[PDB]
Ligand SMILES: CCNC(=O)c1n[nH]c(-c2cc(Cl)c(O)cc2O)c1-c1ccc(OC)cc1
Ligand SMILES: CCNC(=O)c1n[nH]c(-c2cc(Cl)c(O)cc2O)c1-c1ccc(OC)cc1
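Protein chains in written order, with the deposited numbering: chain A, 16 to 223; chain A', 16 to 223. A prime marks a further copy of an entry chain.
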């Protein structure tokens with residue numbers, strides 16, 4: 016049912032750098048994950064331009080933000096192109112090995128962690144606030160998978176038989192104990208307004 | 016030999032807005048075109064991860080900047096994934112119709128033209144400095160095409176029989192008469208250093 020994989024050495028090193036570096040401006044994770052959602056949404060939209068049946072799995076192109084104080088999770092859902100099993104395994108559709116190398120040569124040259132997205136590995140900023148991350152995804156050319164990691168050098172992939180989602184990607188952030196401010200409506204609103212004001216898809220902040 | 020197409024109404028409107036709006040910070044075009052080259056390069060690299068024969072048409076992943084004062088052109092070449100004929104026709108692989116709409120709702124809300132790339136239509140900033148633009152491209156799954164436009168509502172596409180390039184995209188900017196500062200080594204260097212310092216591919220500035 017569940018396969019376990021090792022992160023390539025460079026990705027594991029990126030993940031330790033994000034987890035262990037003292038760095039206070041953690042809120043940029045939300046921008047990186049929304050921006051990722053926007054890229055996936057752009058992709059399904061571009062595909063629908065020549066093949067409208069690509070949208071048979073859902074015409075709505077949007078991003079939802081769902082906080083849950085009881086489970087201590089912030090979930091980001093989008094109706095973008097989604098990922099195949101192979102995409103999930105190859106670093107969630109990123110060029111993360113070379114992107115990590117570039118990012119680290121910048122960090123030497125003075126840059127800081129807020130610029131991680133410029134190197135294509137913005138996802139991993141999720142580990143600034145999350146102790147575990149679960150990625151649930153559905154691409155038109157494959158079944159629904161769940162990817163999951165709590166860092167420490169490994170991730171899992173399983174075929175997800177739970178809630179079918181049609182098409183897209185759901186990112187569930189199991190928040191660190193001292194990071195529950197990102198479940199507060201006021202705070203999420205503030206971050207979205209600050210860093211994500213010109214995203215070309217509706218972003219709905221669910222309430223509790 | 017040569018097909019002529021009309022820009023969708025919204026793209027034509029974007030192109031008039033870029034050409035006719037008084038706006039002095041024109042140098043951002045280079046950043047947008049390099050960043051486009053970087054995205055294409057990321058794509059061929061991601062593809063090679065699972066199918067290394069994708070790089071049979073060239074293993075080198077780079078961006079060259081070639082000024083020519085005699086022809087009055089700045090050319091940007093990259094060895095990225097390239098575009099099929101259909102990509103060229105569908106707004107150079109962009110979601111330009113919806114991206115233009117978003118960009119224009121931002122311009123109402125106070126944003127300026129330097130943020131065009133946040134809406135996926137950064138290419139068209141080329142018309143801040145160029146009176147004509149020629150895009151020559153080669154994707155693994157198709158032949159070599161040349162796209163061309165001097166705005167005014169139309170572009171052409173032809174199958175390019177001239178210099179074969181293996182794989183990638185070449186953007187040739189026929190500069191406006193008052194915009195020849197972007198052929199000066201000092202100036203191009205300055206712009207690349209300012210706006211394009213963390214691009215994960217070597218950028219070579221050719222000399223004359
Ligand atoms: C290749 C076809 N699929 C995709 O590209 C895709 N599909 N879903 C996502 C995606 C990834 C993350 Cl991490 C996220 O938070 C949201 C997403 O939609 C992505 C995705 C993958 C890689 C990215 O690198 C910047 C950004 C988004
Ligand atoms: C779908 C497969 N091909 C590509 O995506 C592609 N190939 N070459 C380019 C490209 C486009 C421009 Cl305008 C440029 O200046 C440089 C490029 O490499 C692109 C490209 C297309 C769209 C883009 O939108 C941001 C950015 C780059």
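Think of the CB as a built atom: it goes at the ideal place given N, C-alpha and C, for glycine as much as any other residue.
**OP:** Measure from the C-beta of residue 117 of chain A to each C-beta in chain A' and report whether the shortest distance is under 8 Å.
**Re:** The residue you call residue 117 of chain A lines up with position 102 of the first chain. When Cβ-Cβ separations below 8 Å define contact, residue 117 of chain A makes contact with chain A'.
Original post:
Quick one: what does DSSP say residue 77 of chain A' is sitting in, helix, strand or coil?
Top reply: For the purposes of this step, residue 77 of chain A' is taken as the residue at position 62 of the second chain. It is coil, neither helix nor strand.
Original post:
Going along the chain, which residues of the stretch 35-62 of chain A' sit with their C-beta nearer than 7 Å to a C-beta in chain A?
Top reply: Those residues of the stretch 35-62 of chain A' that come within reach of chain A (Cβ to Cβ, closer than 7 Å) are 57, 60, 61.
Original post:
If you measure from the beta carbon of residue 20 of chain A to each beta carbon in chain A', is any gap under 8 Å?
Top reply: Residue mapping note: residue 20 of chain A aligns to position 5 of the first chain, counting from 1. With 8 Å as the cut-off, residue 20 of chain A does not count as an interface residue toward chain A'.
Original post:
Quick one, are the C-beta atoms of residue 25 of chain A and residue 172 of chain A less than 8 Å apart?
Top reply: For the purposes of this step, residue 25 of chain A is taken as the residue at position 10 of the first chain. For the purposes of this step, residue 172 of chain A is taken as the residue at position 157 of the first chain. Between residue 25 of chain A and residue 172 of chain A, the CB-CB gap reaches or exceeds 8 Å.
**OP:** Could you pull the start and end residues of the beta strand (DSSP E) that residue 160 of chain A' belongs to?
**Re:** To locate residue 160 of chain A', count along the second chain from 1; it is residue 145. 160-164 is the extent of the beta strand (DSSP E) around residue 160 of chain A'.
Subject >> Spatial distance of residue 150 of chain A' from residue 42 of chain A' (CA atoms) >> reply: Along the second chain, read from residue 1 onward, the residue named residue 150 of chain A' stands at position 135. Along the second chain, read from residue 1 onward, the residue named residue 42 of chain A' stands at position 27. Going from the Cα of residue 150 of chain A' to the Cα of residue 42 of chain A' covers about 19 Å.
Subject >> Local conformation of residue 207 of chain A' per DSSP, three classes >> reply: Taking the first residue of the second chain as position 1, residue 207 of chain A' is located at position 192. The answer is helix: DSSP assigns residue 207 of chain A' an H, G or I state.
Original post:
Between residue 30 of chain A' and residue 22 of chain A', which are expected to be in contact by the criterion C-beta below 8 Å, what is the C-beta distance as a whole number of angstroms?
Top reply: One-based indexing of the second chain puts residue 30 of chain A' at position 15. One-based indexing of the second chain puts residue 22 of chain A' at position 7. Indeed they touch by this definition, with Cβ atoms about 7 Å apart.
**OP:** Confirm, please, whether the CB-CB distance from residue 59 of chain A to residue 96 of chain A is below 8 Å.
**Re:** If you number the first chain from 1, residue 96 of chain A lands on position 81. If you number the first chain from 1, residue 59 of chain A lands on position 44. In this structure, residue 96 of chain A sits near residue 59 of chain A, with a CB-CB distance shorter than 8 Å.
**OP:** Report the partner residues of residue 169 of chain A' according to the DSSP bridge assignment.
**Re:** Locating residue 169 of chain A' in the second chain gives position 154, counting from the first residue. Beta-bridge partners of residue 169 of chain A' (DSSP): A':21.
Subject >> Cα-Cα separation, residue 113 of chain A to residue 182 of chain A >> reply: The residue given as residue 113 of chain A occupies position 98 in the first chain. The residue given as residue 182 of chain A occupies position 167 in the first chain. Distance between the alpha carbons of residue 113 of chain A and residue 182 of chain A: 29 Å.
Original post:
Should residue 38 of chain A' go down as buried or exposed, given a rule of 16 or more other Cβ atoms within 10 Å for buried?
Top reply: Within the second chain, residue 38 of chain A' is the residue found at index 23, counting from 1. Within a 10 Å sphere around the beta-carbon of residue 38 of chain A' sit fewer than 16 other beta-carbons, which makes this residue exposed.
Original post:
So, is the C-beta of residue 134 of chain A' closer than 8 Å to a C-beta in chain A?
Top reply: Position 119 of the second chain, counted from the first residue, corresponds to residue 134 of chain A'. Chain A has a Cβ within less than 8 Å of the Cβ of residue 134 of chain A'.
Original post:
So, are the CB atoms of residue 89 of chain A and residue 198 of chain A less than 8 Å apart?
Top reply: On the first chain, residue 89 of chain A is found 74 positions in, with the first residue counted as 1. On the first chain, residue 198 of chain A is found 183 positions in, with the first residue counted as 1. One thing to note: residue 89 of chain A has its Cβ within 8 Å of the Cβ of residue 198 of chain A.
Original post:
Do residue 227 of chain A and ligand 1 come close, with the Cβ less than 7 Å from some heavy atom?
Top reply: Residue coverage of chain A in this structure runs from 16 to 223, which leaves residue 227 of chain A outside it and unanswerable.
Subject >> Coarse secondary structure for residue 151 of chain A', derived from DSSP in three states >> reply: For this step, residue 151 of chain A' is matched to residue 136 along the second chain. Correct three-state label for residue 151 of chain A': strand.
Original post:
Can you tell me the Cα-Cα spacing of residue 178 of chain A and residue 185 of chain A, whole angstroms?
Top reply: As a working mapping, residue 178 of chain A is identified with position 163 in the first chain. As a working mapping, residue 185 of chain A is identified with position 170 in the first chain. Using only the alpha carbons, I get a separation of about 11 Å.
Original post:
chain A beta carbons: is any one of them nearer than 8 Å to that of residue 103 of chain A'?
Top reply: The residue you call residue 103 of chain A' lines up with position 88 of the second chain. Cβ-Cβ to chain A under 8 Å: no for residue 103 of chain A'.
Subject >> Neighbourhood of residue 192 of chain A by C-beta, 6 Å cutoff - its chain only, sequence neighbours within 5 removed >> reply: Indexing the first chain from 1 puts residue 192 of chain A at position 177. Around residue 192 of chain A: no qualifying Cβ.
**OP:** Look at the Cβ atom of residue 142 of chain A', then the Cβ atom of residue 214 of chain A', and state whether they are nearer than 8 Å.
**Re:** Counted from its first residue, the second chain places residue 142 of chain A' at position 127. Counted from its first residue, the second chain places residue 214 of chain A' at position 199. No; because the gap between Cβ atoms is not below 8 Å, this pair is not in contact.
Subject >> Expected contact under 8 Å - CB spacing of residue 45 of chain A and residue 210 of chain A to nearest Å >> reply: The residue given as residue 45 of chain A occupies position 30 in the first chain. The residue given as residue 210 of chain A occupies position 195 in the first chain. Correct: roughly 7 Å between the Cβ atoms.
Original post:
By a C-beta neighbour count over all protein chains shown, 10 Å radius and 16 as the cutoff for buried, is residue 212 of chain A' buried or exposed?
Top reply: By one-based count along the second chain, residue 212 of chain A' stands at place 197. Label assigned to residue 212 of chain A': exposed.
Original post:
Which one or two residues does DSSP pair with residue 136 of chain A' in a beta bridge?
Top reply: Walking along the second chain from the start, residue 136 of chain A' turns up at place 121. Answer by DSSP bridge pairing: none, since residue 136 of chain A' is not bridged.
Original post:
Name the chain A residues whose beta carbon is nearer than 8 Å to that of residue 170 of chain A'?
Top reply: By 1-based counting over the second chain, the position of residue 170 of chain A' is 155. Neighbours of residue 170 of chain A' in chain A, taken as residues whose beta carbon is under 8 Å from its own, are absent, since the nearest beta carbon is some 17 Å off.
**OP:** Confirm the yes/no value for this check: CB of residue 91 of chain A', any heavy atom of ligand 2, distance under 7 Å.
**Re:** Here the question's residue 91 of chain A' lines up with position 76 in the second chain. Yes.
Original post:
residue 219 of chain A': which of A':116, A':54, A':68, A':76 sits nearest, CA to CA?
Top reply: Taking the first residue of the second chain as position 1, residue 219 of chain A' is located at position 204. Residue A':76 is the option with its Cα nearest to residue 219 of chain A'.
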